[PDB]
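K.L.:
My structure is in entry_27.txt, and what it holds is compact mmCIF, C-alpha atoms:
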# COMPACT_ATOMS: atom_id res chain seq x y z
CA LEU A 1 5.25 -4.53 -23.76
CA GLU A 2 2.02 -5.22 -21.84
CA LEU A 3 0.59 -2.67 -19.39
CA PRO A 4 2.26 -2.47 -15.90
CA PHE A 5 -0.85 -3.76 -14.11
CA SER A 6 -0.46 -7.35 -15.25
CA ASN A 7 -1.88 -9.82 -12.70
CA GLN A 8 -3.66 -7.01 -10.87
CA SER A 9 -7.41 -7.41 -11.39
CA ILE A 10 -8.80 -4.82 -8.99
CA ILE A 11 -7.49 -1.29 -9.19
CA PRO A 12 -9.08 0.46 -6.18
CA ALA A 13 -10.58 3.89 -6.79
CA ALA A 14 -10.30 6.51 -4.05
CA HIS A 15 -12.93 9.26 -3.67
CA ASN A 16 -11.48 10.45 -0.37
CA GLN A 17 -8.25 11.20 1.42
CA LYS A 18 -9.54 8.57 3.90
CA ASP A 19 -10.14 6.10 1.05
CA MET A 20 -6.44 6.17 0.16
CA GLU A 21 -5.58 5.31 3.78
CA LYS A 22 -7.83 2.27 3.47
CA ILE A 23 -6.02 1.13 0.30
CA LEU A 24 -2.54 1.88 1.65
CA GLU A 25 -2.90 -1.29 3.74
CA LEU A 26 -3.45 -3.48 0.66
CA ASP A 27 -1.36 -5.83 -1.48
CA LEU A 28 -2.56 -4.23 -4.74
CA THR A 29 0.11 -1.98 -6.30
CA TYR A 30 -1.87 0.38 -8.64
CA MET A 31 -4.52 2.78 -7.32
CA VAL A 32 -6.91 5.32 -8.85
CA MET A 33 -7.49 8.83 -7.50
CA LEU A 34 -10.89 10.15 -8.49
CA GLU A 35 -11.72 13.54 -6.99
CA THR A 36 -8.86 15.72 -5.75
CA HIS A 37 -7.92 19.27 -4.79
CA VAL A 38 -5.11 21.09 -6.63
CA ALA A 39 -3.92 22.54 -3.29
CA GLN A 40 -3.31 19.18 -1.63
CA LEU A 41 -2.40 17.38 -4.87
CA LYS A 42 1.43 17.08 -4.90
CA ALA A 43 1.48 15.82 -1.29
CA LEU A 44 -1.25 13.20 -1.88
CA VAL A 45 0.61 11.73 -4.86
CA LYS A 46 3.99 11.66 -3.08
CA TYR A 47 2.40 10.20 0.07
CA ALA A 48 0.78 7.43 -1.97
CA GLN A 49 4.04 6.76 -3.81
CA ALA A 50 5.84 6.66 -0.44
CA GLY A 51 3.64 3.67 0.49
CA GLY A 52 4.75 1.71 -2.60
CA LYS A 53 1.52 2.50 -4.46
CA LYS A 54 1.51 3.64 -8.08
CA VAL A 55 -1.05 6.36 -8.88
CA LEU A 56 -3.48 6.72 -11.78
CA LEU A 57 -4.82 10.28 -11.53
CA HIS A 58 -8.07 11.62 -12.96
CA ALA A 59 -6.94 14.76 -14.78
CA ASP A 60 -10.56 15.85 -15.27
CA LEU A 61 -11.47 15.58 -11.57
CA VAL A 62 -8.82 17.91 -10.07
CA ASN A 63 -10.77 20.75 -8.43
CA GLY A 64 -9.25 24.16 -9.16
CA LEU A 65 -7.36 22.85 -12.21
CA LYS A 66 -8.49 22.72 -15.86
CA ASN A 67 -7.63 19.88 -18.24
CA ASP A 68 -5.70 22.29 -20.51
CA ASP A 69 -2.36 21.44 -22.06
CA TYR A 70 -0.83 23.69 -19.37
CA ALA A 71 -2.70 21.72 -16.71
CA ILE A 72 -1.44 18.41 -18.11
CA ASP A 73 2.08 19.87 -18.25
CA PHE A 74 1.69 20.60 -14.51
CA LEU A 75 0.58 17.04 -13.78
CA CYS A 76 3.51 15.55 -15.70
CA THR A 77 6.33 17.88 -14.63
CA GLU A 78 5.30 18.92 -11.09
CA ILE A 79 2.82 16.37 -9.67
CA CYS A 80 4.00 13.16 -11.40
CA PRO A 81 1.55 10.33 -10.89
CA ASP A 82 2.37 7.03 -12.56
CA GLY A 83 -0.41 7.56 -15.10
CA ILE A 84 -3.21 9.99 -16.01
CA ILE A 85 -6.85 9.46 -16.94
CA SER A 86 -8.73 11.93 -19.06
CA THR A 87 -11.83 11.99 -21.22
CA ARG A 88 -10.32 14.81 -23.27
CA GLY A 89 -8.31 13.82 -26.35
CA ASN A 90 -5.87 16.73 -26.11
CA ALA A 91 -4.85 15.55 -22.64
CA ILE A 92 -4.09 12.04 -23.93
CA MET A 93 -1.94 13.59 -26.69
CA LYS A 94 -0.09 15.79 -24.20
CA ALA A 95 0.54 13.00 -21.67
CA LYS A 96 2.05 10.90 -24.45
CA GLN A 97 4.56 13.69 -25.16
CA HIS A 98 5.73 13.49 -21.53
CA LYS A 99 5.92 9.68 -21.84
CA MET A 100 3.05 9.26 -19.36
CA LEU A 101 0.65 6.35 -19.15
CA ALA A 102 -2.33 7.95 -20.85
CA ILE A 103 -5.61 6.08 -20.34
CA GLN A 104 -8.71 7.43 -22.13
CA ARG A 105 -12.08 7.40 -20.39
CA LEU A 106 -15.12 6.39 -22.40
CA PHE A 107 -18.77 6.42 -21.30
CA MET A 108 -20.91 3.68 -22.89
CA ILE A 109 -24.00 5.90 -23.06
CA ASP A 110 -25.40 5.47 -26.58
CA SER A 111 -24.42 4.60 -30.17
CA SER A 112 -23.34 8.22 -30.74
CA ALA A 113 -21.00 8.06 -27.73
CA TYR A 114 -19.54 4.82 -29.09
CA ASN A 115 -19.02 6.19 -32.64
CA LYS A 116 -17.47 9.51 -31.60
CA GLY A 117 -15.45 7.76 -28.89
CA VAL A 118 -13.96 5.09 -31.15
CA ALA A 119 -13.09 7.87 -33.60
CA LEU A 120 -11.32 9.75 -30.77
CA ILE A 121 -9.45 6.60 -29.67
CA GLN A 122 -8.39 6.15 -33.31
CA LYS A 123 -7.07 9.72 -33.43
CA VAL A 124 -5.19 10.09 -30.13
CA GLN A 125 -4.00 6.47 -29.76
CA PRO A 126 -4.22 6.13 -26.00
CA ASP A 127 -2.01 3.73 -24.07
CA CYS A 128 -5.17 2.31 -22.50
CA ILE A 129 -8.96 2.84 -22.34
CA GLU A 130 -11.26 2.84 -19.31
CA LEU A 131 -14.85 1.85 -20.21
CA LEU A 132 -17.81 2.78 -18.00
CA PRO A 133 -20.01 1.18 -16.80
CA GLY A 134 -18.13 -2.05 -16.14
CA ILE A 135 -21.30 -4.15 -16.06
CA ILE A 136 -21.80 -4.48 -19.82
CA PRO A 137 -19.46 -7.38 -20.68
CA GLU A 138 -20.59 -7.66 -24.31
CA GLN A 139 -19.71 -4.01 -25.03
CA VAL A 140 -16.24 -4.57 -23.54
CA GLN A 141 -15.99 -7.62 -25.82
CA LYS A 142 -17.03 -5.63 -28.95
CA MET A 143 -14.56 -2.86 -28.12
CA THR A 144 -11.53 -5.07 -27.50
CA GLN A 145 -11.98 -6.89 -30.81
CA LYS A 146 -11.86 -3.56 -32.64
CA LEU A 147 -8.34 -2.16 -32.37
CA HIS A 148 -6.53 -3.95 -29.62
CA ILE A 149 -5.71 -1.33 -27.28
CA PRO A 150 -6.07 -2.78 -23.78
CA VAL A 151 -9.26 -1.78 -21.93
CA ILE A 152 -9.98 -1.34 -18.22
CA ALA A 153 -13.62 -1.53 -17.17
CA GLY A 154 -15.03 0.49 -14.30
CA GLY A 155 -18.31 1.68 -12.81
CA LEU A 156 -21.11 -0.14 -10.99
CA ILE A 157 -19.18 -3.36 -10.26
CA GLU A 158 -20.73 -4.80 -7.08
CA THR A 159 -19.83 -8.50 -7.28
CA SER A 160 -16.92 -10.83 -8.08
CA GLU A 161 -19.17 -12.40 -10.74
CA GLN A 162 -19.19 -9.05 -12.54
CA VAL A 163 -15.40 -8.65 -12.24
CA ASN A 164 -14.90 -12.10 -13.72
CA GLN A 165 -17.45 -11.65 -16.53
CA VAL A 166 -15.93 -8.39 -17.76
CA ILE A 167 -12.30 -9.59 -17.45
CA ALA A 168 -13.22 -12.72 -19.43
CA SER A 169 -14.72 -10.45 -22.10
CA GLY A 170 -11.37 -8.75 -22.78
CA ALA A 171 -10.76 -6.35 -19.89
CA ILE A 172 -7.18 -6.24 -18.62
CA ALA A 173 -8.35 -5.06 -15.15
CA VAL A 174 -11.24 -3.49 -13.23
CA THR A 175 -11.46 -0.11 -11.49
CA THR A 176 -13.90 0.21 -8.61
CA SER A 177 -14.64 2.05 -5.37
CA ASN A 178 -16.69 -0.88 -4.06
CA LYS A 179 -14.92 -1.40 -0.73
CA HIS A 180 -16.01 -5.05 -0.33
CA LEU A 181 -14.10 -6.52 -3.28
CA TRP A 182 -10.89 -4.63 -2.44
CA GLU A 183 -9.86 -7.56 -0.22
CA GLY A 184 -12.09 -10.07 -2.03
CA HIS A 185 -10.18 -11.41 -5.05
So that I can check it, write out the structure of this file as structure tokens.

P.N.:
Amino acid sequence: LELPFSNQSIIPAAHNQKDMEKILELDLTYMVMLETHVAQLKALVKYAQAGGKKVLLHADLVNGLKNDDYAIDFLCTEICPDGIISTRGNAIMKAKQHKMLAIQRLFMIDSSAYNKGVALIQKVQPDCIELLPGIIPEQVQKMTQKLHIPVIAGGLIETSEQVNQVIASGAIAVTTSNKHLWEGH
């Protein structure tokens, strides 16, 4: 059972309410919602799902809402995106209880971030992992050959060269808010 974004290379990442309007006119099925407001949240998910778009929601970037177990409960029972993204391990564990697509965010900062992060991945067993930045193809290569969980890469992807390089390294897809390559591939 491969991940539901098979043959979708770009997963657009919305910072705005206006950014989701831009991507509602696109052939790509999965989207990413980056910064949000807990007040407008339920509407924004249902409005995006009304346009045939499946939502990956940043659990950590919901203003007014923690990333508590209670907060993840809220996302799964009352907001219902198609998947959640968190950097917190407890949120990945909780989302898996609710049979949610739990993708774990990792920041390729240093060797310490790698070591602690691979240990966390090992513990919580996420459905997927997002690696940032998405412009280090050899780190995406190293990571994929470690466990085989599928990895998305995201962050700082400007060109189609970079999309190709990282996807050929082992990435299943790319997340990006670079507006140019939303209609490019």

K.L.:
Identify, on the basis of only C-alpha atoms, every residue whose closest approach to residue 41 in chain A does not exceed 12 Å; exclude the query and any residue fewer than 4 positions from it along the same chain; express the result as number ranges by chain.

P.N.:
A: 17, 33-37, 45-48, 55, 57-59, 61-65, 74-75, 78-81

K.L.:
Those same residues - C-alpha atoms - I'd like them written as a tab-separated table (two decimals), in the frame of the given file.

P.N.:
chain	number	residue	atom	x	y	z
A	17	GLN	CA	-8.25	11.20	1.42
A	33	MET	CA	-7.49	8.83	-7.50
A	34	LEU	CA	-10.89	10.15	-8.49
A	35	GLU	CA	-11.72	13.54	-6.99
A	36	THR	CA	-8.86	15.72	-5.75
A	37	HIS	CA	-7.92	19.27	-4.79
A	45	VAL	CA	0.61	11.73	-4.86
A	46	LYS	CA	3.99	11.66	-3.08
A	47	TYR	CA	2.40	10.20	0.07
A	48	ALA	CA	0.78	7.43	-1.97
A	55	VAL	CA	-1.05	6.36	-8.88
A	57	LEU	CA	-4.82	10.28	-11.53
A	58	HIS	CA	-8.07	11.62	-12.96
A	59	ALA	CA	-6.94	14.76	-14.78
A	61	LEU	CA	-11.47	15.58	-11.57
A	62	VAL	CA	-8.82	17.91	-10.07
A	63	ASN	CA	-10.77	20.75	-8.43
A	64	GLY	CA	-9.25	24.16	-9.16
A	65	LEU	CA	-7.36	22.85	-12.21
A	74	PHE	CA	1.69	20.60	-14.51
A	75	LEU	CA	0.58	17.04	-13.78
A	78	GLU	CA	5.30	18.92	-11.09
A	79	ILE	CA	2.82	16.37	-9.67
A	80	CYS	CA	4.00	13.16	-11.40
A	81	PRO	CA	1.55	10.33	-10.89

K.L.:
Which residue, A:23, A:3, A:161, A:115, has the smallest gap to residue 179 in chain A when you use only C-alpha atoms?

P.N.:
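Checking each candidate against residue 179 in chain A, we get A:23 as the closest.
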
K.L.:
Given all atoms listed in the file as the basis, pick out the residue of A:147, A:167, A:174, A:76 nearest to residue 132 in chain A.

P.N.:
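Closest to residue 132 in chain A of all the choices is A:174.
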
K.L.:
In Å, rounded to a single decimal, give me how far CA of residue 139 in chain A is from CA of residue 110 in chain A.

P.N.:
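Straight-line distance from CA of residue 110 in chain A to CA of residue 139 in chain A works out to 11.2 Å.
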
K.L.:
Let me make sure I understand: among A:92, A:119, A:11, A:1, which one has the smallest atom-to-atom distance to residue 181 in chain A if we use only C-alpha atoms?

P.N.:
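Ranked by minimum distance to residue 181 in chain A, first place goes to A:11.
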
K.L.:
Some atoms are missing, so please complete range 71-88 of chain A with N, CA, C and O atoms and return it as a compact mmCIF listing (two decimals), in the coordinates of the input.

P.N.:
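Written file, result.txt:
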# COMPACT_ATOMS: atom_id res chain seq x y z
N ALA A 71 -2.31 22.50 -17.88
CA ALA A 71 -2.70 21.72 -16.71
C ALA A 71 -2.12 20.31 -16.75
O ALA A 71 -1.77 19.76 -15.71
N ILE A 72 -2.00 19.75 -17.95
CA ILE A 72 -1.44 18.41 -18.11
C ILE A 72 0.07 18.47 -17.94
O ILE A 72 0.66 17.60 -17.30
N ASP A 73 0.67 19.53 -18.49
CA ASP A 73 2.08 19.87 -18.25
C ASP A 73 2.43 19.88 -16.76
O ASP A 73 3.42 19.28 -16.36
N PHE A 74 1.58 20.53 -15.97
CA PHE A 74 1.69 20.60 -14.51
C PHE A 74 1.64 19.23 -13.84
O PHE A 74 2.41 18.95 -12.92
N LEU A 75 0.74 18.38 -14.33
CA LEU A 75 0.58 17.04 -13.78
C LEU A 75 1.79 16.17 -14.07
O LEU A 75 2.16 15.34 -13.25
N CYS A 76 2.40 16.38 -15.24
CA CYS A 76 3.51 15.55 -15.70
C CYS A 76 4.87 16.00 -15.18
O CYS A 76 5.73 15.17 -14.89
N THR A 77 5.06 17.32 -15.07
CA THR A 77 6.33 17.88 -14.63
C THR A 77 6.40 18.15 -13.13
O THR A 77 7.47 18.01 -12.53
N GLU A 78 5.28 18.52 -12.51
CA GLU A 78 5.30 18.92 -11.09
C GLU A 78 4.51 18.06 -10.11
O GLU A 78 4.76 18.14 -8.91
N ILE A 79 3.57 17.26 -10.58
CA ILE A 79 2.82 16.37 -9.67
C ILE A 79 3.32 14.93 -9.79
O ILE A 79 3.60 14.29 -8.78
N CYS A 80 3.45 14.48 -11.04
CA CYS A 80 4.00 13.16 -11.40
C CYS A 80 3.29 11.95 -10.77
O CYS A 80 3.87 11.28 -9.90
N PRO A 81 2.05 11.66 -11.20
CA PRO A 81 1.55 10.33 -10.89
C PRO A 81 2.19 9.31 -11.82
O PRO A 81 3.04 9.67 -12.62
N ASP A 82 1.80 8.05 -11.70
CA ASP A 82 2.37 7.03 -12.56
C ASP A 82 1.61 6.89 -13.88
O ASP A 82 2.09 6.29 -14.84
N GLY A 83 0.41 7.49 -13.91
CA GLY A 83 -0.41 7.56 -15.10
C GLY A 83 -1.51 8.59 -14.94
O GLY A 83 -1.85 8.96 -13.81
N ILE A 84 -2.06 9.07 -16.05
CA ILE A 84 -3.21 9.99 -16.01
C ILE A 84 -4.43 9.46 -16.76
O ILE A 84 -4.32 8.70 -17.74
N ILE A 85 -5.61 9.84 -16.29
CA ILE A 85 -6.85 9.46 -16.94
C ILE A 85 -7.59 10.72 -17.30
O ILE A 85 -7.83 11.57 -16.45
N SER A 86 -7.92 10.83 -18.58
CA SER A 86 -8.73 11.93 -19.06
C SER A 86 -9.74 11.46 -20.10
O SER A 86 -9.59 10.42 -20.73
N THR A 87 -10.78 12.27 -20.26
CA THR A 87 -11.83 11.99 -21.22
C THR A 87 -11.56 12.85 -22.46
O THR A 87 -12.05 12.57 -23.56
N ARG A 88 -10.73 13.87 -22.25
CA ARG A 88 -10.32 14.81 -23.27
C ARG A 88 -9.22 14.20 -24.11
O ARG A 88 -8.29 13.60 -23.57
